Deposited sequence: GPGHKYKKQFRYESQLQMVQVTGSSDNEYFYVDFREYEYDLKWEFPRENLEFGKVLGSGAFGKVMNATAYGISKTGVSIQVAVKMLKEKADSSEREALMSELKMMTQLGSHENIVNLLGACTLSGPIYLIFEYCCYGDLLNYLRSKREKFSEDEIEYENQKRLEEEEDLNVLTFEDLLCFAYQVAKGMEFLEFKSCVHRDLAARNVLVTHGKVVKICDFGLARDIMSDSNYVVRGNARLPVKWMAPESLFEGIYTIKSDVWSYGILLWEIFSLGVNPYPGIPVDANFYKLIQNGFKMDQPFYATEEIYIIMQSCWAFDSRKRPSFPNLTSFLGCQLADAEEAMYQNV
């Protein structure tokens, strides 16, 4: 199941909404891409039931010009139920529209065999590992780069809000990096190693990114765009600490739930100004109504002078 979800609001309060399921809608065949034109490199990431692989795609955006892509597909085992979820995700992406700060869909392969979802290739990998690799080479990474990253992510989330979407797993690990230090919001859970990664906690059918979740998500299972603001705040702490695990040194257990519930907030990270930290704290307002909006955040980050 995709952590990126389209929703429809049915009331003024947080819990009044439902998730849009594209299972019954029809797939627009204009996205179909010839399978024989995918020369696969090798794996970029692997989940329990699916993986994203390197691939060279010829003709997908300019004839005579072959480019590199990332192809989300199902694992060698592939019973019918798993494929419909990949189809539903595909359909949703076809209807989202493209944006610079989103890992965009480029095409798909669904007819003559196994399902391939073709996305942009991001040659610098995920933002988390990117920042951690620049811990030595920092002043090469600068403060403005951090501010630009923050801005681009907020822009991407603004686009998702405009498209009535929510991202139930927003974190620096789900942000990718390309040319021009451009970052794109992504979502892989079907192709994410979800539990050798200790940031996800298994609870029934759910795999919860606990340290990134708003209280209403943690305690009531409510996911709104304001939940994303909370998660964005956490992601901000990741950026301006150069990739430190949130609530460093604090284990995910029953005590953690009590901490968040009682209003625990992280301290100012080293590479952040007092202004940026004030913004973080507003994202971590317990009452979802008091958190800033992504249009607010996106505008304010004209701080890059």
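When the deposited sequence is numbered from 1, the segments without any C-alpha atom are 1 to 12, 152 to 170, 337 to 347.
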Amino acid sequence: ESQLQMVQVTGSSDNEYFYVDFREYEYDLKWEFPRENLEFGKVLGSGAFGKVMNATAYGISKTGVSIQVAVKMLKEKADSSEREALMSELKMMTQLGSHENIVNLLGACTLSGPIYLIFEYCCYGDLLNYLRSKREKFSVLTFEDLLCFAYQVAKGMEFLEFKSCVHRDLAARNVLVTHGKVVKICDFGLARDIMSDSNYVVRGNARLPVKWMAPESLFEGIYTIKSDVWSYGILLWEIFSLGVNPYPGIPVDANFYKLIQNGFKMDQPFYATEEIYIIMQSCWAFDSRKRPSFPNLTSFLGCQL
From here on, numbers count along this sequence of modelled residues.
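Between two forms, the rigid core is defined as the largest C-alpha subset superposing within 1.5 Å.
Once the rigid core is used to overlay the structures in 4 other deposited structures of this protein, the stretch among 195 to 203 and 177 to 185 whose CA atoms lie farther from this form is 195 to 203. Of the other structures of this protein that model both sides of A78, a third or more give it no coordinates. Of the other compared PDB entries of this protein that include residues on both sides, all give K258 atoms, none of them, and so not a third, leaving it without.
Relative to its counterpart among 67 to 75 and 160 to 168, 67 to 75 has the higher mean temperature factor, C-alpha atoms as listed in the PDB entry. Here the stretch with the larger average CA B-factor, out of 252 to 260 and 36 to 44, is 36 to 44. Of the residues listed, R173, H179, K184, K226, the entry assigns the biggest Cα temperature factor to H179. Highest C-alpha temperature factor among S80, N129, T94, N104, as the PDB entry reports it: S80.
Among all modelled residues in its chain, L4 ranks in the middle third by Cα B-factor. Among the modelled residues of its chain, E216 has a C-alpha B-factor that falls in the lowest third according to the deposited record. Placement of the Cα temperature factor of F143 within the chain: middle third of the modelled residues, per the deposited record. When the CA B factors of the chain's modelled residues are split into thirds, the value for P269 lands in the middle one. The deposited CA B-factor of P114 belongs to the highest third of values across its chain.
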